[PDB]
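Notes for the one structure printed next.
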Amino acid sequence: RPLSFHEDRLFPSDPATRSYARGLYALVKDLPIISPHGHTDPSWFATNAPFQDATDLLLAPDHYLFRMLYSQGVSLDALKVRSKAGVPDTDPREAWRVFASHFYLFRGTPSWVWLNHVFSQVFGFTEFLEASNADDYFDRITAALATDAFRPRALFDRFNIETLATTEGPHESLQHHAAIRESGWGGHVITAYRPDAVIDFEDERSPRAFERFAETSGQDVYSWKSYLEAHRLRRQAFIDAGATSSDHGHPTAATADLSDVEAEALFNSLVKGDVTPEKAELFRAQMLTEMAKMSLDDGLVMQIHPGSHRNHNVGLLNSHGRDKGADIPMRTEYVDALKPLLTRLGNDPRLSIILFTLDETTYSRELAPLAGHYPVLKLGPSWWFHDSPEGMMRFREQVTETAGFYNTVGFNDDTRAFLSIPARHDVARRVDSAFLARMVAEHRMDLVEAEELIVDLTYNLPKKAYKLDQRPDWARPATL
Amino acid sequence: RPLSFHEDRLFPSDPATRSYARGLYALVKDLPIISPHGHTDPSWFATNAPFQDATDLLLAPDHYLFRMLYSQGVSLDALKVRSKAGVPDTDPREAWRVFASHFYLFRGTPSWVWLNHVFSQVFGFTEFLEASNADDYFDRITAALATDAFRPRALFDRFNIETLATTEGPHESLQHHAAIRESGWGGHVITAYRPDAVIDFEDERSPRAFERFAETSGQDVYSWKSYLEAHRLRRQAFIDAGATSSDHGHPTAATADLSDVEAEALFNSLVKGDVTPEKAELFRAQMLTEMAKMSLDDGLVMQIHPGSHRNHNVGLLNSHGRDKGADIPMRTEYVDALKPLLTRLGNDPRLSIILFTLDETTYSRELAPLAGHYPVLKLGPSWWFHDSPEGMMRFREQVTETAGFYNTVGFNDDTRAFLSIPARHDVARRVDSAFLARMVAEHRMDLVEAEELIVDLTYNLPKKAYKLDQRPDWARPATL
Amino acid sequence: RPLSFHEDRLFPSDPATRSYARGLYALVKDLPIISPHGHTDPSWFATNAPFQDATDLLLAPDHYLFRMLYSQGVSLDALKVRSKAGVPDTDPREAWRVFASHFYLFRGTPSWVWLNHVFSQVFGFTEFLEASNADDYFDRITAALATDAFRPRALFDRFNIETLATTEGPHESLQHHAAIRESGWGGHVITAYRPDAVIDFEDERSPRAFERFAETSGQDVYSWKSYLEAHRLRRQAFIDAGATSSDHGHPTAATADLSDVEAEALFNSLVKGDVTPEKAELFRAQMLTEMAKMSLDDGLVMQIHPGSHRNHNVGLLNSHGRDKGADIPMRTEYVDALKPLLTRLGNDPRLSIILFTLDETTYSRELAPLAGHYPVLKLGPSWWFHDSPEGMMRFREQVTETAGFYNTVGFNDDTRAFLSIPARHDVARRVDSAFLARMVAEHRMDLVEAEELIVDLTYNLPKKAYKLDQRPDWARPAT
Ligand SMILES: [K+]
Ligand SMILES: [K+]
Ligand SMILES: [K+]
């Protein structure tokens, strides 16, 4: 069976609308990729070591894929998924065989589009992945990964990535990032500040996180005023690594505006070990405001990623640990939650906040009204389960009416799967084009406006929001 | 004015999409109906007595219809709706006359589609229902009901129903199901286990339910371990009557994982008469887990139907009683709610749970993320008010990207109106055809995949999910 | 760059569906405007004084426009927005300049459609608004407002408005309405009862509104039984001014059924000064039921507009005050909330309630199942942030299947911007035509049904629902 990957995919069937869409996408398809939020390993580009298997690249590290298979009765051992006891005994060929046999599950899901984009456009496959085709797929991409063109830096250059952001905590060292810039390569690989491990006292890996947060900053992190200094010192070390943004994956969008003493008192109680869910929530809430207060000084762009019920499968958390596809969205609140921070700093020009959600109902109700008013608020793209074609379309249909396009930030891939990056960004460009085309076709915007918009949405608006206009000296110049 | 019931109804207007839709539907339109959850009376097929009126068959027992009329100033006595004081004194012809004169209300509703299917396909009417057409409709339906071709069993065969499930509690007899099997007629009419009345202590008809639950089981029902034995024995009796499923219509999706002594303690308090809203919730929650623990042994597929505010009209509950169209959906939660059961049994191979909702906002947020991960969880079709062209489409648009298609169970009609069964299944088939057609037209799926999926969704997937693959000897063999 | 305002705007691109839409809209485009809920100033038509600037008419009063600009970093002083310290020192021409340079922000928003309608249809502009175009736009509409064709009364007649309802509290005078109905101009301008200031005790302007509520009624407003009489007497004065409606903008849709004695107990505590959030909520809850009980006698139609977290920007409330575009929607509940009122009066033929929402998730879940059952309940059109093409389409797509079309109430504009009224009503007619066309094209309704429906939805249904069938003798006959 052939792999048919149509040049006009994701555009609406209506030929009038499809013709407008294709023209808008034409203006935008070969523009460089700006990836200002993501979870790729910077040690891939630091060492420039090859990837080994198809499984180690596409199957084992991607939770979107092994979720579905786990959901249908397949063990994580059968797919070589990294356990807490280490990498399983399974043959990487046999792990791939199981995936290929279960590839039908992904029909109508965005993984069908992303992987077939990788298969047809990166590897040049001409047949569709099945059980009969499985081994041919395995050894042909294993062989491709051994070649010099499929080295991490070479792929970065081939994919036309202008900016790539990894996410690191304050307790981990930025040694791999230093290696990117002191090598002459010039690929603009940046970091972002995720202090979640030293902010969430209910995190099980928080005691060890605090311990190496002390090493990296050289401060008394168990006393409040030097805990804050430690954040300031580490933030500056991130800005020195090029970072322009901070990221905050809290369970809630809650913020608080405690006095310096009220915060210290709370900090003392939690460090003492008297950790209640109420105190831990309030500290996370106070830290959002505290991080924003530092952003007034150091100029970091603040991303809030709330609403994930992390580690919902308890039995899986014991056996395999974090990020194994069992993080489930919760209903999130913003109007009452963000009010304390917005009372203090909501009209401040020096602050920039980008809001994400796992709860689509808040789009037209809360997010678009808030962001269409507050100078500091901006709207991030549809995230996680919603970075799909239908989720992206719902975003545009529900957000634009009140917020407009200029109160959004564009798109990020938000992935560990490196090869899927051009695939994911392509999908975004086509869906934006489809939305914009429909506005032209229904005479809700002029074509001249639409042609200005995709270039803005794709390229200019991400760059302004993430303060990416100032390229460093160690990076390549920005060219079209 | 003519009854124009078009061949291309429910397909999108876009001609390229419409023609894919038409092609997929043709592959599926004449497949047998599998109806694994519903509320038809089993006595209809055991006695094979004819229906009497157009009013008694279409108007009086259907709450979808009299709701709208009651909503517009019509009394239920005017429409011959069974009161708590019995069947009203009004003329069935006059009841039909009022409905006919108010049939315009249903413009744009799915009942327009279902009833016009019944009028044009089942009865062969050629004119549209109006006030001046009313009497002609009444006596032509009534005359038709006297014929041998409109006997319940004869209609079951004409409709090409393969499997029909009814819904009984543990306190009622499986009298009519035994009579169906024992007869020469080979219709596969089965049952479903719905223990709601002996589980909800806040149910007003619970003390009488518990009383006859003791008669049907022969057990000490007001003592814990033998209340559980009474459930096991009754479930076995349902299995022997052909049941493959259980059904749970609780106010919430809440589950619990109490110890044996904690469960007995709570049970004893409620049996004593200390029914507090908190304790009644906890028992309904604990019983969800308890039914799943029984399902580990007997293989009953567990359907959860939560989130209905039953009997919202208090005045109507006093005068007429239950199921009179005053049950309003509530905001429903699944993530925290289902966690205690999923921690215990979420990764078990032997357990099969099907989740339904009245809260469409949980599709992309909670249900699909949960069902796209857990081995035990599957998604039921859009239910009740969302069992409709716009509703089924929203389900498919919001659920597919995370759960896929193979984590869904197809379609159930969930109706008492027997004549609307082929009408409702036809709507399911056209909307599914329309959705798949849009995937093909926008090149998000290959035609080959869509042709496979339409047949699976219609026939194979409802069969697998409801364990309908073993026909019993007392029914017909399954042919296309 | 030309101002191209296409004659088939807002209809779907699909040529067959579009052709149906165009035919349904043709049946309805020139019908008179029924505006059963709005916030226009009755003194405009009473005095018939002209409007001054482009800024004072279009930019400064409309919060949809200055929301977007403030959101991008523009000060409200730079846009001549009324502060608490009065009208700013800035030039109206220079305020217009800022808006014109930032008109690109409104791409994809309903403000694009409304304003270009005003620009092309009301004014006759031929070029698109830009920074280089700013000054020409300003003084050409400044000069047009001086002319006799653009006087409030002349525009009312030109726009073919049949009915206009304004919104007044019980503590203010209906002098301007009295001036309307005694002059020879036959424009049907009515009012609507909005008792929010004398019911919400957490309102900062409540103690002052209680004082003038006593003045206009001549009752002991600070004791329960005469407080209720003060409402009844003021409600009669509104009906004298032609009002058919009351409006209730509470934070919650909560209702209550307290006894006469529990209600007085609660009232007495709040008048004492013991205002707690729980007591204030319960009073707002009880007062909804009380207004409903009054509606059984005087026949007023009850509009519930819940869910707005008003004055979310604290610093802006202190500096500029109310209605400055910082009123954010909250999640709203209707099922448990409306139950105490519906247990008492849910089946009563004399009662009419119209339900609004700011929370689109309640449409298919709560609002349509409630309205598709209870004899008293009806659904108002998509409100505020949702009175827009995608919002109205989501409304129709989520409400119709359970509630039907006859449990809805048509459209209202809900606006201060008087020139935007025909624009907003046109959008409503185009989207309704679009939705009905899609039903016909998918053969879910017949064309005969759709042809009846847009005329009902546009004209007949709003009139029946707001009891606008009996024209008073001071107003022009409807034609
Ligand atoms: K599953
Ligand atoms: K109604
Ligand atoms: K903003």
Side-chain angles (χ1 to χ4, degrees), chain A residues 12-18 20 331 333-336 338-339 342-344 346-347 349 360-366 368-378 396-407 435-450 452-453 456, chain C residues 1-15 17-18 63-64 67-68 70-74 102 104-113 128 307 309 312-316 324-332 358-361 384-391 393-394 430 434:
Chain A
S13 182
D14 189 77
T17 315
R18 176 166 290 198
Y20 286 128
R331 48 191 300 262
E333 210 274 337
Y334 294 92
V335 193
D336 280 340
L338 289 172
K339 199 183 177 175
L342 290 172
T343 298
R344 188 190 174 93
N347 325 81
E360 292 179 302
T361 61
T362 59
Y363 281 155
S364 72
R365 194 208 303 127
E366 317 196 6
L370 284 179
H373 176 89
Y374 285 93
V376 314
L377 257 26
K378 229 95 167 163
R396 291 298 170 199
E397 287 168 317
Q398 288 168 206
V399 151
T400 303
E401 223 88 286
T402 305
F405 299 97
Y406 301 97
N407 282 315
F435 171 71
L436 254 18
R438 210 252 288 185
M439 304 292 286
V440 177
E442 289 185 332
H443 318 283
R444 295 205 279 165
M445 81 190 315
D446 294 330
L447 221 223
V448 61
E449 293 174 326
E452 279 182 30
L453 256 332
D456 273 346
Chain C
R1 180 189 157 189
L3 215 177
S4 290
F5 209 57
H6 201 107
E7 56 155 39
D8 286 340
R9 63 195 172 265
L10 307 165
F11 304 151
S13 183
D14 182 71
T17 304
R18 185 163 281 201
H63 66 86
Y64 291 74
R67 263 179 57 90
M68 266 298 328
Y70 187 77
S71 108
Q72 289 282 320
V74 181
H102 287 89
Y104 74 98
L105 265 27
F106 296 94
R107 288 170 189 173
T109 74
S111 277
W112 192 94
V113 181
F128 204 86
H309 193 302
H312 191 268
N313 205 130
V314 183
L316 187 70
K324 297 305 164 200
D327 302 8
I328 317 298
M330 309 175 278
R331 344 162 228 106
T332 314
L358 246 20
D359 181 9
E360 295 184 284
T361 73
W384 207 322
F385 302 98
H386 317 304
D387 52 55
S388 72
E390 307 271 38
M393 193 66 71
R394 280 194 300 269
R430 302 186 94 105

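Reminder, nothing fancy here: chain letters follow the sequence lines and each chain counts from 1.
Both the backbone and the side chain of C/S388 come within contact range of chain A, each with at least one heavy atom under 4.5 Å from a heavy atom of that chain. For A/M445, the parts sitting under 4.5 Å from any heavy atom of chain C are the backbone and the side chain alike. Both the backbone and the side chain of C/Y70 come within less than 4.5 Å of a heavy atom of chain A. Only the side chain of A/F435 comes within contact range of chain C, with heavy atoms under 4.5 Å apart. When heavy atoms are compared at a cutoff of 4.5 Å, C/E390 approaches chain A by way of both its backbone and its side chain. Interface remark: A/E333 contributes side-chain atoms only to the contact with chain C (heavy atom separation under 4.5 Å).
Put simply, the side chain of C/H386 gets close to the backbone of C/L358: a donor and an acceptor are under 3.5 Å apart.
Interface remark: of the candidates A/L370, A/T17, A/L377, A/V376, A/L370 forms the most heavy-atom pairs closer than 4.5 Å to chain C. Chain A forms the most heavy-atom pairs under 4.5 Å with one residue out of C/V113, C/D359, C/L316, and that residue is C/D359. Taking chain C as the reference chain and counting heavy-atom pairs below 4.5 Å, the highest number among A/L436, A/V448, A/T362, A/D446 is found for A/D446. When the candidates C/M393, C/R9, C/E360 are compared by the number of heavy-atom contacts under 4.5 Å with chain A, C/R9 comes out ahead. When the candidates A/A371, A/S364, A/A450 are compared by the number of heavy-atom contacts under 4.5 Å with chain C, A/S364 comes out ahead. Between chain C and the options A/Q398, A/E397, A/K378, heavy-atom pairs under 4.5 Å are most frequent for A/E397. Interface summary for chain A: among C/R67, C/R18, C/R1, the most heavy-atom pairs under 4.5 angstrom belong to C/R67. Between chain C and the options A/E452, A/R331, A/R396, A/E366, heavy-atom pairs under 4.5 Å are most frequent for A/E452.
Relative ring orientation between C/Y104 and A/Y406 is described as perpendicular, the plane-to-plane angle rising above 60° on a 0-90° scale split at 30° and 60°. Taking the six-membered ring for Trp and thresholds of 30 and 60 degrees, A/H443 and C/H6 have nearly parallel ring planes, at less than 30 degrees apart. Ring geometry for A/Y374 versus C/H312: interplanar angle over 60°, hence perpendicular rather than tilted (30 to 60°).
The closest side-chain heavy-atom distance from A/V335 to A/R365 is not below 4.5 Å. Side chains of A/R438 and C/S13 form no contact here, defined as non-hydrogen atoms less than 4.5 Å apart.
Residues passing the ring pair (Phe, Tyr, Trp, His ring centres under 6.0 Å) test with A/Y363 are A/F395, sequence neighbours excluded.
Residues C/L10 and C/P389 share a closest heavy-atom pair of CD2-CG, 3.6 Å.
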